[PDB]
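Listed here are the chains, written in short residue letters.
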Amino acid sequence: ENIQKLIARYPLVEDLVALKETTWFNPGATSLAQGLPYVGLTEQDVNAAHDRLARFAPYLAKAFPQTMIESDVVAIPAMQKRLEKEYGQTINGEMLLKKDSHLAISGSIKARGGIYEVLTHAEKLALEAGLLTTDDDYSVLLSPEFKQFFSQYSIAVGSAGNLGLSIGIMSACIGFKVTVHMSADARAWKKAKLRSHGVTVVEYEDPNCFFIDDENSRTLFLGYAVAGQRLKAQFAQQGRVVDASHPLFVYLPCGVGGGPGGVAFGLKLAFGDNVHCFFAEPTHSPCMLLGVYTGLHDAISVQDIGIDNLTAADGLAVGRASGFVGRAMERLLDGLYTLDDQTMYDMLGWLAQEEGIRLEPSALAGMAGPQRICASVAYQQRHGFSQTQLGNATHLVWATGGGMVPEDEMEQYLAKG
Ligand code: NA
């Protein structure tokens, strides 16, 4: 029992070990200009990513008719009032739902990171082999010659969820030999989804092979960051203002960190210091909260302090942070908070009731954020927020999965609240 030593210098570590619903507002959070140099990336890197996906748009158009891999944004005012009732706290401003749960390919946030990793790797090779240029129409990549080119290479991932689902599906559509290693206890539908695209799912109980790696890959991060500029266009189309007078609070589910980090960077680049991002994690897997708060990042894990890392949020069940995401983005995060499985399960049902939207438990992490921001007068005083500014604010909950989850599984999720 050497975890008691850390609990001395870091008071909040007591609540995390006790599985207490914690809400930590970052005192060392700052403007874009001051946060930027730590990120390791720049706007141009995102501009490249935007124009990468612009080049693959003709390819993806034909490949998956369901397609730009982008989700709608919708106001969820009935859900707002329901949260106000159940938990008490008033929610000032409009609440919006980002439905990355309904993205093409993998019905999840990974559709941004996963696909982009695959496409960028596939592009790189094609350019290096002298079979393609950046001025070519990327529909060429569907040809039998290019399928044969890609079959020469291979991709591999260890994931029982949306990472292996996204990489798996996209890698196969390109032409790669794809292999997703998985536990046999994983749900059969995901194995079936993968194998219908020609993926080799290996079940348990090399210079040619590219491994994904969510802990370090900047490519994934930059792929997520493409969401920022797209959201700005949606907001412009809907006559929605993001300003000092109209602040934008964003609530992002967090697993290892890549997803919400990349999105938060891209949003920061898009909307400046009037965007205010937050990470949401399960009480049983608070790795990014634990890593940022202590400053130990990837050095410390949730298992070390005695937390089991077991939770209904399968996508968020990550015991150790990415590390670089913590050091890179911490300054651009206004706060981090936890919520227990029952809170996710209950909100998941109320969202279905009030809005007719069905998500997986992990997606409901951001939903708790709004009332926790509105409750804290410490946070509002710390960031110089007036009461009128709060009233004209936009609270954007970021849903990260649900669209492809079959009925049987969704019926399982709904029977808990
Ligand atoms: Na986590």
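Rules and cut-offs
Residues numbered from 1 in each chain as written, not as in the entry; some residues may be left out. Heavy atoms only, no water. Residues with missing side-chain atoms left out of burial classes, pairs and counts. Helix = DSSP H or I, 4+ residues; strand = E, 2+ residues; numbered from the N terminus. Rg over C-alpha atoms; globule rule 2.2 N^0.38 Å. Salt bridge = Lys/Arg side-chain N within 4 Å of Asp/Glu carboxyl O. Buried < 20%, exposed > 50% of the residue type's maximum accessible area, 1.4 Å probe, protein only. Donors = N, O, S within 2.8 Å, 3.2 Å for Na, K, Ca; no water. Tetrahedral: all angles 85-135°; square planar, octahedral: opposite > 155°, others 65-115°. Pairing = 2+ DSSP bridges. Axes fitted to C-alpha atoms, helices over the stretch in contact; angles between N-to-C directions. Contact = heavy atoms within 4.5 Å. Parallel < 35°, antiparallel > 145°, perpendicular 65-115°, else oblique. Left-handed = near helix turned anticlockwise from the far one by under 90°. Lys, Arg positive; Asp, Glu negative; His and termini not counted. Domains from an automatic or database assignment. Polar contact = N/O pair within 3.5 Å; in protein donor to acceptor, adjacent residues only side chain to side chain. Expected span 1.5 Å × (residues − 1).

Draft legend 1. Representation of the overall build of the chain within the structure. Along its length, the chain carries 19 helices and 11 strands. The C-alpha atoms of the chain give 21 Å as radius of gyration, which agrees with the globular expectation for 417 residues (22 Å, within 12%). For the chain, the spread of C-alpha atoms along the principal axes amounts to about 60 × 50 × 40 Å.

Draft legend 2. Quick peek at the pattern of salt bridges. Taken as a whole, this structure holds 16 salt bridges when the rule is applied. Across the pair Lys-98 and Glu-70 runs a salt bridge whose closest N-O atoms are separated by 2.7 Å. You can see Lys-98 sitting in strand 3 (residues 94-99) and its partner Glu-70 sitting in the loop between helix 4 (43-63) and strand 2 (73-75), a full 28 residues away along the chain. Judged by relative accessible area, which is 0%, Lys-98 ranks as buried. By relative accessible area, which is 23% here, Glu-70 ends up partly exposed.

Draft legend 3. Structural detail: unusual backbone geometry. If you check the backbone angles, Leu-19 has positive phi at about 65 degrees while not being a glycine. Relative to the assigned elements, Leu-19 resides in the loop between helix 2 (12-17) and strand 1 (23-25). Even without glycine at this site, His-297 takes up a positive phi of about 50 degrees. Take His-297: it is sitting in the loop between helix 13 (287-294) and helix 14 (324-329). Residue classification places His-297 among the buried positions, given a relative accessible area of 5%.

Draft legend 4. Representation of the coordination of the sodium ion in the model. Protein coordination at the sodium ion comes from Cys-254 (O), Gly-255 (O), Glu-281 (OE), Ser-285 (O), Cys-287 (SG) and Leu-316 (O), with a distance range of 2.8 to 3.2 Å. With 6 donor atoms in place around the sodium ion and angles of 65 to 163 degrees between them, the coordination shape is irregular. The motif formed by the donor residues of the sodium ion, counted along the single chain, is C-G-x25-E-x3-S-x1-C-x28-L. Of this pair, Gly-255 sits in the loop between strand 8 (248-253) and helix 12 (258-271) while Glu-281 sits in strand 9 (residues 275-282), and the two are 26 residues apart along the sequence. With respect to burial, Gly-255 and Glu-281 carry one shared label: buried.

Draft legend 5. Representation of the sheet that holds strand 8 within the structure. Pairing is mixed in the open sheet, where 7 strands are placed in the order 1-10-9-8-11-3-2. The strands lining the two open edges of the sheet, one partner per strand, are strand 1 and strand 2. Between one strand and the next, the sheet's axes are offset by a mean angle of 20 degrees, whatever the strand orientation. Pairing of strand 3 with strand 11 (residues 394-399), which is carried by 6 bridges, proceeds in the parallel orientation. When the bridges of strand 11 are listed, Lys-98 appears paired with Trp-398. Along the sheet face, helix 13 touches strand 1, strand 9 and strand 10 (333-339) and points at about 135 degrees away from the line of strand 10.

Draft legend 6. Geometry of the packing of helix 10 (residues 218-225) against helix 12. Axis separation between helix 10 and helix 12 bottoms out at 7 Å; the angle between their running directions is 50 degrees. Taken together, the axes of helix 10 and helix 12 are oblique relative to one another. Considering the relative orientation of helix 10 and helix 12, their crossing is right-handed. Touching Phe-221, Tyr-224 and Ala-225 of helix 10 are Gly-258, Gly-259, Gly-261, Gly-262, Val-263, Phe-265 and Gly-266, all from helix 12.

Draft legend 7. Region of interest: the side chain of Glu-117. By the element assignment, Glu-117 lies in helix 6 (residues 110-128). Buried charge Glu-117 goes without a salt bridge, the closest partner of opposite sign being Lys-124 at 8.2 Å. Setting aside its immediate chain neighbours within four residues, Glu-117 contacts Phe-210, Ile-212, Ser-217, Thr-219 and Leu-220.

Draft legend 8. Just the domain arrangement of the chain, in detail. Under the domain assignment used here, the chain contains domain 1 (1-107 + 215-417) and domain 2 (108-214). Using only C-alpha atoms to locate each centre, domain 1 and domain 2 end up separated by 26 Å. Taken residue by residue, the interface counts 44 residues in domain 1 and 32 residues in domain 2. Ranked by residues supplied to the side of domain 1 that touches domain 2, first place goes to helix 4 with 11 residues.

Draft legend 9. The arrangement of helix 10 in detail. Buried residues dominate helix 10, accounting for 6 of its 8 residues. For helix 10, the complete set of buried residues consists of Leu-220, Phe-221, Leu-222, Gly-223, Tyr-224 and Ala-225. Each element contacted by the buried residues of helix 10 is listed here: helix 3 (32-39), helix 4, helix 6, helix 11 (227-237), helix 12 and helix 14. In this structure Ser-217 caps helix 10, since a side-chain oxygen of it lies 3.4 Å from the backbone nitrogen of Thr-219.

Draft legend 10. Expanded view of helix 8 (residues 162-174). For helix 8, with 13 residues, the first-to-last C-alpha span of 18 Å sits near the 18 Å given by 1.5 Å per residue. Burial analysis of helix 8 places 13 of its 13 residues in the buried class, which makes it a mostly covered element. Of the residues one or two after helix 8, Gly-175 is the one with positive phi, at around 140 degrees.

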